[PDB]
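Read through the structure below, which is laid out as structure tokens, and then see the notes.
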Protein chains: 6
Amino acid sequence: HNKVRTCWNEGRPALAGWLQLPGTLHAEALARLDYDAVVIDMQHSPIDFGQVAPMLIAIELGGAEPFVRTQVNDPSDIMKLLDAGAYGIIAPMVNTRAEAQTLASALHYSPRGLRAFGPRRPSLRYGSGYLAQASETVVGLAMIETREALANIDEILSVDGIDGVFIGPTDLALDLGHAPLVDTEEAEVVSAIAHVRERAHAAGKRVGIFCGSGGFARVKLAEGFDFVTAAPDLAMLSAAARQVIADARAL
Amino acid sequence: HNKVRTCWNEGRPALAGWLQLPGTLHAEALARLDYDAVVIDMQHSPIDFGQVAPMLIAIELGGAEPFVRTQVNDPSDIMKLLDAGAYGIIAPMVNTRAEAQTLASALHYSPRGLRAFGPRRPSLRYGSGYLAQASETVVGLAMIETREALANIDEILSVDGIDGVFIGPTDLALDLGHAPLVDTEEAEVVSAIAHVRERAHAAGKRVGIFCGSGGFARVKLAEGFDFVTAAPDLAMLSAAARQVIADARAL
Amino acid sequence: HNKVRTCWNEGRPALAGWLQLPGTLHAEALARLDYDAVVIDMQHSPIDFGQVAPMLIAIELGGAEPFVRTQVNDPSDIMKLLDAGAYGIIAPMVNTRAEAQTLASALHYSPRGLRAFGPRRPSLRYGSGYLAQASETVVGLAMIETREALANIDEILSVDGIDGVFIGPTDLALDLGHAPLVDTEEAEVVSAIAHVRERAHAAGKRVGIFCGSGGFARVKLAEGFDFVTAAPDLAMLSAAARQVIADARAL
Amino acid sequence: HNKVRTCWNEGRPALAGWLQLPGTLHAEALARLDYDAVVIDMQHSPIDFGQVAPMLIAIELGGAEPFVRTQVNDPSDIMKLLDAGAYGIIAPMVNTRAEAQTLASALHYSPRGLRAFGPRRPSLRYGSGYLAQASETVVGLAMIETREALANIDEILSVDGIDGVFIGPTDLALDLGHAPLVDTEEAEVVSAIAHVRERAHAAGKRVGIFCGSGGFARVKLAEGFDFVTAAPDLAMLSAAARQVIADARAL
Amino acid sequence: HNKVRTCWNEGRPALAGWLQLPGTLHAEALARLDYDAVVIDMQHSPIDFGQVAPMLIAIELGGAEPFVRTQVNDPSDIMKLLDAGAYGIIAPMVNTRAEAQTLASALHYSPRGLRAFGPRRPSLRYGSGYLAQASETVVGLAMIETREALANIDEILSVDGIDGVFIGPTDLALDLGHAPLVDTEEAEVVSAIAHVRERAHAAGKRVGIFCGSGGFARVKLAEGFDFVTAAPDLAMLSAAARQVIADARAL
Amino acid sequence: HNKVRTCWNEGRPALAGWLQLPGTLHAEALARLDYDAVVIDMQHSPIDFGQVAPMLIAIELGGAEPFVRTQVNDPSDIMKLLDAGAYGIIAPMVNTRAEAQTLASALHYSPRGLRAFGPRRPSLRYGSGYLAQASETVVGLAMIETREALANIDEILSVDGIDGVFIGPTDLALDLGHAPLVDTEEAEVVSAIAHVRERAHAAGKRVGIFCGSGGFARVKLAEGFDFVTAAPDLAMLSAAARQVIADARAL
Ligand SMILES: [Mg+2]
Ligand SMILES: [Mg+2]
Ligand SMILES: [Mg+2]
């Protein structure tokens with residue numbers, strides 16, 4: 001079973017890890033914490049395909065669903081990640097219904113999409129009866145990061161093969177001419193985020209959001225977000241190190 | 001100049017980072033914080049020589065001294081790390097004066113040691129005037145983590161080519177038949193640590209210590225330790241993630 | 001000389017290896033067996049560009065032509081593989097004449113295509129007179145894996161710069177609403193495969209096919225297929241290991 | 001639980017995989033077959049520490065015990081592999097009781113050995129209750145592949161911290177001035193192998209053996225060997241490929 | 001400050017290194033020579049994303065601007081390189097105003113482009129006030145390598161978000177039906193190169209050029225080219241080795 | 001055949017490449033030049049075992065003998081390099097007859113040495129008739145770079161399983177209390193080098209030498225040295241780049 005789809009099917013949200021550092025050790029350790037999934041960022045990180053492959057194995061062993069935020073919404077890139085046992089896909093900068101159809105096409109075998117058949121690691125997980133439940137094993141979220149995406153939210157949500165949307169708040173803030181701050185209080189950005197959540201739920205589709213703090217994630221969970229990521233390993237490591245230095249130097 | 005030797009020459013201690021995760025991004029980010037050095041652990045980590053090499057470049061760029069805790073006190077292993085721009089060496093499990101001489105021999109060119117000549121990255125850092133100050137550019141600490149090392153402390157300190165010692169408290173606790181707790185305060189281990197510190201200062205040599213928390217490091221700095229490491233990137237990242245999950249799932 | 005083009009020019013087919021495992025050791029060992037080429041799969045494998053590069057060197061040394069089944073029909077991806085000494089290109093999911101023109105454009109220098117000039121490893125193989133015979137050194141096959149590709153077979157074969165087609169039977173079976181089994185007996189799939197072979201030969205172009213067994217490859221060779229791949233290293237290794245376990249446990 | 005120690009505690013032998021190819025995909029696939037352990041060869045392979053680390057994760061996920069045949073009986077090499085989640089250690093060329101004590105010392109924490117404390121991946125597997133069962137979680141076998149080792153068999157078996165011995169027949173044949181044939185049945189080598197097995201069982205210690213075929217492994221299991229490895233991934237892949245080519249090129 | 005933009009703002013050209021070999025050692029050594037930038041070639045090289053990442057760190061430490069000649073003009077590929085601290089982008093085979101707009105869009109944050117926000121290594125270099133000067137920190141050159149690009153030079157130069165053009169002479173020679181020789185004397189190619197330079201300067205935009213020799217670079221600098229690359233590490237290493245062999249064998 | 005042993009058996013010396021940069025491209029290109037061997041330096045370089053493995057494949061394909069200067073004279077390190085197709089071994093810092101016996105033991109199968117059997121890549125090169133000529137296929141040189149080694153030269157040369165010695169002049173200069181200059185001509189060092197050469201030839205054993213220039217190599221070849229290395233790839237690349245910059249920035 002997909003542990004994020006299990007959470008949803010039991011009427012409960014998913015809390016996810018977010019990794020911008022390559023390596024299997026921190027991936028496994030965070031996966032063993034009370035996270036339902038761990039997302040590997042391949043957009044804003046030095047993580048190439050060579051480095052994601054063993055991190056997906058580490059997350060699965062830790063007992064969380066391996067998710068990937070891809071570099072770009074490219075069909076063949078996403079297919080190769082699925083065949084390496086990425087059981088969740090978050091595609092950045094999905095601005096139109098066609099781009100959302102491009103995402104959906106890659107996540108599903110024919111007749112439902114055009115996904116190429118060679119499921120190396122999924123066939124090892126789910127066995128010979130993988131084809132019949134292949135779509136159920138994978139989670140697909142289109143990212144809302146632009147005024148265009150926000151304007152096209154209704155038509156993006158109408159695409160069948162995506163489970164719903166994942167808001168990128170910093171990029172959404174920036175495109176609306178505001179500060180690209182994580183967990184922004186900016187009234188227009190908060191209003192847009194709330195609007196995207198309501199339309200998603202109105203369409204019978206899931207809504208997720210990127211968070212930079214535990215306190216902000218708690219509010220988003222209380223607001224009824226289905227998928228909540230908190231926080232980037234680098235940001236948490238940087239903050240903890242600064243705090244350790246402060247305590248050590250009596251600052 | 002060696003920023004740890006600069007700290008010492010201005011009669012003040014060095015605060016160091018400690019890395020068990022491979023990769024250049026967190027190495028650079030931590031190096032840019034108020035650390036004087038960053039130690040890469042090659043004993044209790046998945047970091048091979050292939051992975052340490054670019055991490056040393058990242059630490060130097062961040063503006064901290066690249067240090068390495070080696071797998072073992074092996075002359076040729078240490079020489080290859082120096083030639084890749086490791087400007088500090090912490091050798092584990094140094095139990096005798098001969099093992100401490102084995103360490104010293106690797107850190108210095110002839111006549112002072114038997115270090116092989118090919119300083120690829122040090123010649124790029126220090127230029128044509130590297131040979132004249134080569135010993136000054138490198139810091140060498142023998143690890144005390146056994147009853148044998150503790151018994152042989154005076155003869156270890158008498159070796160000319162080491163700057164002094166680096167206590168491993170958890171391993172020292174374990175060898176004395178106590179619980180290997182991070183920041184252990186078992187009276188026998190505290191007594192041994194205090195003894196090692198006083199003999200080091202009595203011998204006109206530096207003393208350092210591994211810490212798993214900022215609070216413990218502050219005490220060790222206040223106790224007059226010259227080199228204090230706090231804390232492992234993995235431990236800080238794991239603790240921060242647990243705290244972020246706790247805050248997110250809180251009522 | 002291109003050993004697959006040598007086979008064809010002597011009126012004889014090519015038997016090829018198929019690799020989904022990264023590493024140079026098995027690549028060399030299989031290359032030294034009675035294979036004319038060895039295909040590296042970059043679609044349904046964990047093999048990134050970093051890992052293909054030395055595998056191409058290993059195959060060439062073993063005395064087989066390095067072939068690559070790419071992730072996708074992308075011009076620049078294919079050009080970079082040619083410049084790393086991939087002397088055969090199999091492009092997946094080529095469904096139209098335009099996509100087949102996209103393939104051809106990447107395999108040929110101007111005026112014949114738009115291939116960028118910097119032939120790092122081919123210039124080392126073929127020397128200063130490489131430009132004059134550059135097209136002859138490379139083999140290009142468009143993959144037929146869809147009802148669209150099957151319907152457009154005539155217009156795909158009419159493209160000048162491709163040597164012909166390579167059938168992907170599992171994907172072709174799946175898109176026709178049948179089981180994605182290697183070496184399928186499904187009458188409609190067998191009929192389509194036979195149809196694609198006849199049109200290819202009628203057009204004076206080569207036809208190849210993916211096989212999962214030696215027995216099936218023998219039939220395809222007897223059917224007059226020019227390029228026959230048998231079998232995936234993973235599938236052969238998995239089957240052999242199961243058989244070794246069975247013999248060991250007296251099953 | 002250690003699945004090899006589970007086999008032994010239920011009075012029955014362990015069948016193990018043997019890997020000379022680097023990569024996580026074949027490691028996982030073989031681990032999912034009816035093997036109790038999978039040994040990664042770091043002596044007679046291109047597998048460095050960088051490449052073994054993620055292979056140990058893949059084997060554990062597949063549901064077999066990660067074992068390692070090390071390059072050499074080096075304490076610090078073995079400790080670093082344990083801390084990366086190698087739960088079995090086969091040390092080559094153990095010829096004396098002192099070399100066997102050198103092995104034992106590395107596999108156990110103080111008081112029983114001198115193993116350095118930092119169990120990164122074992123603490124993630126076994127949790128907070130790891131230290132209490134740490135020795136139980138690890139399996140240690142000294143390799144017998146010399147006339148010296150064969151002569152010193154009784155004194156090697158008398159060492160407390162090793163579970164027993166692992167025979168290398170080809171190297172044992174070669175050192176006795178015979179042909180280094182896989183699954184050798186040279187009467188002198190068979191006599192020595194039989195002698196080593198009886199002395200091991202007489203000493204209340206385990207005996208294992210390297211096999212290059214399923215048929216030979218079945219005999220060794222029937223001869224009462226506790227740990228049987230069959231066969232090297234490369235050898236099985238090479239043999240299968242030769243057979244597939246033979247069937248394809250047959251009349 | 002961007003050291004190439006510093007050169008330009010002081011009314012002076014930039015001399016750049018050009019690297020087709022992966023690794024950090026030669027990158028640092030060349031960066032410490034009298035080069036203003038060092039370009040890493042990702043088109044005509046075995047250098048994947050995994051291998052560029054630490055080379056960018058090495059170049060920055062050496063005290064030259066990290067530049068990248070990308071595989072292709074792909075928005076998301078370029079964004080990921082910027083976020084890994086590539087502070088110059090040379091995009092190959094830019095033939096139209098739209099392709100040049102595609103380049104510009106990737107180099108600038110909203111409203112000026114559509115660059116995704118997550119500046120991992122640039123935020124570490126330039127700090128919290130990076131957003132305000134983000135565009136000034138990056139240099140963007142569209143490559144002129146085709147008759148199409150040459151014909152569209154005016155419309156390419158009119159695009160706001162590119163600093164100007166970088167001529168690829170070998171590809172330009174080849175597309176004009178001449179020999180693909182570095183530093184060609186071919187009158188038509190020299191005429192076209194001179195024409196492209198004049199139109200660039202007439203448009204108030206920068207012009208750069210690839211050179212295979214120091215003598216040719218001196219002429220291009222004297223001709224008023226703003227960005228001059230000389231020469232490929234492989235070509236310089238190959239020539240030097242041939243000369244060393246000649247001197248050694250008395251040839 | 002071993003191309004260095006072929007040179008010697010035809011009563012003539014061997015010219016060798018020397019590589020401190022990792023990667024397969026420059027290794028192949030230099031191997032295709034008029035070098036008999038190419039030595040990979042694993043002592044004074046960032047090249048780990050992971051990176052040497054594919055470089056040995058590249059050198060063999062180029063048509064030169066893959067040699068390795070190891071980190072240290074360690075039996076098991078040398079055996080693993082032989083099994084990865086290193087057909088020449090230069091062991092640093094061999095100071096005694098016992099250390100030279102330690103080298104010899106690793107290069108030969110029983111009865112002649114104690115080399116462990118698993119010749120992965122040599123069995124692929126030389127086929128089924130490898131064992132009969134295994135010692136003939138490998139070249140072994142003990143390095144003389146200390147006053148101890150120089151004093152023990154006669155007893156080092158008396159060891160049967162080494163082909164002879166390889167002088168490290170810079171390290172020999174340094175140990176004798178002189179400047180470690182490339183191609184040093186300090187009278188004491190020249191005297192020692194001359195002494196080592198005459199004793200080697202008197203003992204019916206080969207003598208080799210490290211050179212940093214083609215001119216110096218020509219003299220050493222004229223002095224009757226059997227194996228001459230010239231020059232390090234880094235040194236040649238750095239010198240060529242400096243010269244290209246000088247010519248470019250010239251008036
Ligand atoms: Mg975003
Ligand atoms: Mg297919
Ligand atoms: Mg070009």
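Going by the structure tokens order, chains are called A, B, ..., each with residues numbered from 1, while ligands are numbered from 1 in the order shown.
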Considering only C-alpha atoms, give me a table of residues in chain D that are at most 9 Å from chain F, with the closest atom pair and distance in Å for each, as JSON lines.
{"residue": "D:42", "atom": "CA", "partner": "F:80", "partner_atom": "CA", "distance": 8.4}
{"residue": "D:43", "atom": "CA", "partner": "F:80", "partner_atom": "CA", "distance": 6.0}
{"residue": "D:44", "atom": "CA", "partner": "F:118", "partner_atom": "CA", "distance": 5.2}
{"residue": "D:45", "atom": "CA", "partner": "F:120", "partner_atom": "CA", "distance": 7.1}
{"residue": "D:46", "atom": "CA", "partner": "F:84", "partner_atom": "CA", "distance": 6.4}
{"residue": "D:47", "atom": "CA", "partner": "F:50", "partner_atom": "CA", "distance": 7.3}
{"residue": "D:48", "atom": "CA", "partner": "F:50", "partner_atom": "CA", "distance": 5.8}
{"residue": "D:49", "atom": "CA", "partner": "F:50", "partner_atom": "CA", "distance": 8.5}
{"residue": "D:50", "atom": "CA", "partner": "F:50", "partner_atom": "CA", "distance": 7.4}
{"residue": "D:51", "atom": "CA", "partner": "F:50", "partner_atom": "CA", "distance": 7.9}
{"residue": "D:71", "atom": "CA", "partner": "F:76", "partner_atom": "CA", "distance": 6.2}
{"residue": "D:72", "atom": "CA", "partner": "F:76", "partner_atom": "CA", "distance": 6.1}
{"residue": "D:92", "atom": "CA", "partner": "F:116", "partner_atom": "CA", "distance": 9.0}
{"residue": "D:93", "atom": "CA", "partner": "F:116", "partner_atom": "CA", "distance": 8.4}
{"residue": "D:145", "atom": "CA", "partner": "F:116", "partner_atom": "CA", "distance": 8.9}
{"residue": "D:146", "atom": "CA", "partner": "F:114", "partner_atom": "CA", "distance": 8.8}
{"residue": "D:170", "atom": "CA", "partner": "F:117", "partner_atom": "CA", "distance": 7.1}
{"residue": "D:171", "atom": "CA", "partner": "F:117", "partner_atom": "CA", "distance": 5.9}
{"residue": "D:174", "atom": "CA", "partner": "F:110", "partner_atom": "CA", "distance": 6.1}
{"residue": "D:175", "atom": "CA", "partner": "F:110", "partner_atom": "CA", "distance": 5.3}
{"residue": "D:176", "atom": "CA", "partner": "F:110", "partner_atom": "CA", "distance": 8.1}
{"residue": "D:177", "atom": "CA", "partner": "F:111", "partner_atom": "CA", "distance": 6.6}
{"residue": "D:180", "atom": "CA", "partner": "F:117", "partner_atom": "CA", "distance": 7.6}
Region 47-118 of chain F: which residues are alpha helix (DSSP H) by DSSP, as a VMD selection string?
chain F and resid 49 to 62 75 to 83 97 to 107
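Distance-wise, CA of residue 203 (chain E) and CA of residue 158 (chain E) end up 7.3 Å apart.
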Taking 6 positions as the minimum chain separation for residues in the same chain, which residues sit within 8 Å of region 194-199 of chain A when counting only C-alpha atoms? Answer as a PyMOL selection string.
chain A and resi 150+153-154+207+225
Next, write the just-selected residues to a file, as a PDB file, in the first residue's frame, keeping N, CA and C atoms as the atom set.
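The file below, again.pdb, is the result:
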ATOM      1  N   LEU A 150      -2.657  29.851 -10.762  1.00  0.00           N
ATOM      2  CA  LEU A 150      -3.729  30.315  -9.839  1.00  0.00           C
ATOM      3  C   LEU A 150      -5.002  30.635 -10.638  1.00  0.00           C
ATOM      4  N   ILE A 153      -6.545  27.338 -12.033  1.00  0.00           N
ATOM      5  CA  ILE A 153      -6.667  26.314 -10.942  1.00  0.00           C
ATOM      6  C   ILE A 153      -7.815  25.340 -11.242  1.00  0.00           C
ATOM      7  N   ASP A 154      -8.973  25.849 -11.674  1.00  0.00           N
ATOM      8  CA  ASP A 154     -10.209  25.071 -11.963  1.00  0.00           C
ATOM      9  C   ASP A 154      -9.929  24.020 -13.051  1.00  0.00           C
ATOM     10  N   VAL A 207      -5.144  18.689  -1.731  1.00  0.00           N
ATOM     11  CA  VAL A 207      -4.319  19.932  -1.717  1.00  0.00           C
ATOM     12  C   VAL A 207      -3.189  19.722  -0.705  1.00  0.00           C
ATOM     13  N   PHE A 225      -5.358  20.877   4.934  1.00  0.00           N
ATOM     14  CA  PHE A 225      -4.404  20.468   3.865  1.00  0.00           C
ATOM     15  C   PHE A 225      -4.115  18.967   4.008  1.00  0.00           C
TER      16      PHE A 225
END
For residue 230 (chain E), please output as a ChimeraX atom specification all residues within 7 Å (counting only C-alpha atoms; exclusion window: fewer than 3 positions along the same chain).
/E:16-18,210-214,217 /F:244
Fewer than 5 positions away in the same chain doesn't count, so skip those; otherwise give me all residues within 8 Å of residue 94 (chain C), counting only C-alpha atoms, as a PyMOL selection string.
chain C and resi 73+99-100+142-145+149
Kindly export the residues of the current selection with C-alpha atoms, as a short mmCIF file (atom, residue, chain, number, x, y, z; two decimals), in the first residue's frame.
data_model
loop_
_atom_site.label_atom_id
_atom_site.label_comp_id
_atom_site.auth_asym_id
_atom_site.auth_seq_id
_atom_site.Cartn_x
_atom_site.Cartn_y
_atom_site.Cartn_z
CA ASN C 73 14.06 10.91 -28.23
CA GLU C 99 9.68 12.43 -34.13
CA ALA C 100 11.69 10.13 -36.54
CA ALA C 142 13.34 4.48 -34.05
CA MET C 143 11.32 2.36 -31.53
CA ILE C 144 7.77 1.14 -32.50
CA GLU C 145 5.86 0.75 -29.15
CA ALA C 149 3.80 4.29 -34.34
#
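One finds CA of residue 66 (chain D) at 16.4 Å from CA of residue 28 (chain A).
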Please provide as a tab-separated table (two decimals) with N, CA, C and O atoms, in the first residue's frame all residues within 12 Å of residue 2 (chain F), with the sequence filter that same-chain residues fewer than 2 positions apart are discarded (counting only C-alpha atoms).
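Output file result.tsv is given in full below:
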chain	number	residue	atom	x	y	z
F	4	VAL	N	55.24	-3.16	-21.68
F	4	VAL	CA	56.49	-2.75	-20.97
F	4	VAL	C	57.45	-3.95	-20.96
F	4	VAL	O	58.66	-3.73	-21.17
F	5	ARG	N	56.95	-5.16	-20.70
F	5	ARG	CA	57.79	-6.39	-20.72
F	5	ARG	C	58.24	-6.69	-22.16
F	5	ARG	O	59.39	-7.14	-22.32
F	6	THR	N	57.39	-6.42	-23.16
F	6	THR	CA	57.72	-6.50	-24.61
F	6	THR	C	58.89	-5.57	-24.96
F	6	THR	O	59.82	-6.04	-25.66
F	7	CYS	N	58.85	-4.31	-24.50
F	7	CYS	CA	59.95	-3.30	-24.67
F	7	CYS	C	61.26	-3.87	-24.12
F	7	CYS	O	62.26	-3.88	-24.86
F	8	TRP	N	61.24	-4.36	-22.88
F	8	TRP	CA	62.41	-4.94	-22.15
F	8	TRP	C	62.95	-6.17	-22.87
F	8	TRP	O	64.19	-6.24	-23.04
F	9	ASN	N	62.08	-7.11	-23.26
F	9	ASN	CA	62.44	-8.37	-23.97
F	9	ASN	C	63.05	-8.08	-25.35
F	9	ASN	O	63.81	-8.94	-25.83
F	14	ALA	N	61.04	1.70	-21.67
F	14	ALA	CA	59.60	2.03	-21.70
F	14	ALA	C	59.42	3.49	-21.29
F	14	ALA	O	60.00	3.88	-20.25
F	36	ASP	N	54.27	3.70	-23.73
F	36	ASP	CA	54.23	2.22	-23.60
F	36	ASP	C	53.30	1.84	-22.43
F	36	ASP	O	52.60	0.82	-22.55
F	37	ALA	N	53.29	2.64	-21.35
F	37	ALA	CA	52.42	2.49	-20.17
F	37	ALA	C	51.86	3.85	-19.76
F	37	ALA	O	52.39	4.86	-20.20
F	60	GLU	N	43.91	0.72	-21.24
F	60	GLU	CA	44.03	-0.56	-21.99
F	60	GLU	C	43.48	-0.37	-23.41
F	60	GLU	O	44.17	-0.79	-24.37
F	63	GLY	N	45.67	1.59	-25.77
F	63	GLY	CA	46.78	0.73	-26.23
F	63	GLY	C	48.08	1.03	-25.50
F	63	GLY	O	49.15	1.04	-26.16
F	64	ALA	N	48.00	1.30	-24.19
F	64	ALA	CA	49.14	1.40	-23.25
F	64	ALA	C	48.85	0.48	-22.06
F	64	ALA	O	47.66	0.19	-21.83
F	65	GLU	N	49.89	0.03	-21.35
F	65	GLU	CA	49.75	-0.82	-20.13
F	65	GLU	C	49.25	0.03	-18.97
F	65	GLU	O	49.91	1.00	-18.61
F	66	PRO	N	48.11	-0.33	-18.34
F	66	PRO	CA	47.69	0.32	-17.10
F	66	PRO	C	48.67	-0.01	-15.96
F	66	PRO	O	48.81	-1.17	-15.62
F	67	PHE	N	49.36	1.01	-15.46
F	67	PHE	CA	50.21	0.96	-14.24
F	67	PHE	C	49.51	1.77	-13.13
F	67	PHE	O	48.68	2.64	-13.46
F	85	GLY	N	42.61	-5.12	-13.35
F	85	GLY	CA	43.39	-4.96	-14.59
F	85	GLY	C	44.41	-3.83	-14.53
F	85	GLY	O	44.59	-3.15	-15.55
F	86	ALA	N	45.06	-3.64	-13.38
F	86	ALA	CA	46.35	-2.93	-13.25
F	86	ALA	C	47.46	-3.96	-13.51
F	86	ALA	O	47.63	-4.86	-12.68
F	87	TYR	N	48.16	-3.85	-14.64
F	87	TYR	CA	49.20	-4.80	-15.12
F	87	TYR	C	50.61	-4.29	-14.80
F	87	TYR	O	51.58	-4.94	-15.24
F	88	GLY	N	50.72	-3.18	-14.07
F	88	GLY	CA	51.96	-2.71	-13.43
F	88	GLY	C	51.70	-2.09	-12.07
F	88	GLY	O	50.69	-1.38	-11.93
F	122	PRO	N	41.85	-9.53	-15.57
F	122	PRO	CA	42.91	-10.30	-16.23
F	122	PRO	C	42.47	-11.58	-16.96
F	122	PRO	O	43.01	-11.84	-18.03
F	125	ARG	N	41.02	-10.43	-20.20
F	125	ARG	CA	42.09	-10.01	-21.15
F	125	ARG	C	42.79	-11.25	-21.73
F	125	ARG	O	42.78	-11.40	-22.97
F	126	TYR	N	43.39	-12.09	-20.86
F	126	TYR	CA	44.32	-13.18	-21.26
F	126	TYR	C	43.59	-14.52	-21.46
F	126	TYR	O	44.23	-15.43	-22.01
F	133	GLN	N	50.81	-17.84	-17.37
F	133	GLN	CA	51.65	-16.65	-17.67
F	133	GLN	C	51.32	-15.47	-16.72
F	133	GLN	O	51.77	-14.37	-17.04
F	134	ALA	N	50.62	-15.70	-15.60
F	134	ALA	CA	50.06	-14.65	-14.71
F	134	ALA	C	51.18	-13.69	-14.23
F	134	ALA	O	50.98	-12.47	-14.33
F	135	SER	N	52.30	-14.23	-13.75
F	135	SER	CA	53.49	-13.46	-13.27
F	135	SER	C	54.11	-12.62	-14.40
F	135	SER	O	54.47	-11.46	-14.13
F	136	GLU	N	54.22	-13.19	-15.61
F	136	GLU	CA	54.72	-12.53	-16.85
F	136	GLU	C	53.84	-11.30	-17.19
F	136	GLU	O	54.42	-10.30	-17.64
F	137	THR	N	52.52	-11.37	-16.98
F	137	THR	CA	51.56	-10.29	-17.34
F	137	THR	C	51.72	-9.05	-16.43
F	137	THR	O	51.30	-7.97	-16.88
F	138	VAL	N	52.28	-9.21	-15.22
F	138	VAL	CA	52.38	-8.14	-14.18
F	138	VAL	C	53.84	-7.66	-14.06
F	138	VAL	O	54.75	-8.51	-14.11
F	139	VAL	N	54.02	-6.34	-13.86
F	139	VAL	CA	55.34	-5.68	-13.60
F	139	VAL	C	55.29	-5.06	-12.19
F	139	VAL	O	54.32	-4.31	-11.90
Among the residues of region 108-178 of chain F, find those DSSP assigns to strand (DSSP E or B) from the backbone and print them as a VMD selection string.
chain F and resid 139 to 144 164 to 167
Work out how far apart CA of residue 101 (chain C) and CA of residue 169 (chain E) are and give it in Å to one decimal.
25.8 Å
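Between ligand 3 and the candidates E:250, E:200, E:91, E:221, the tightest atom-to-atom separation, counting only C-alpha atoms and all ligand atoms, involves E:91.
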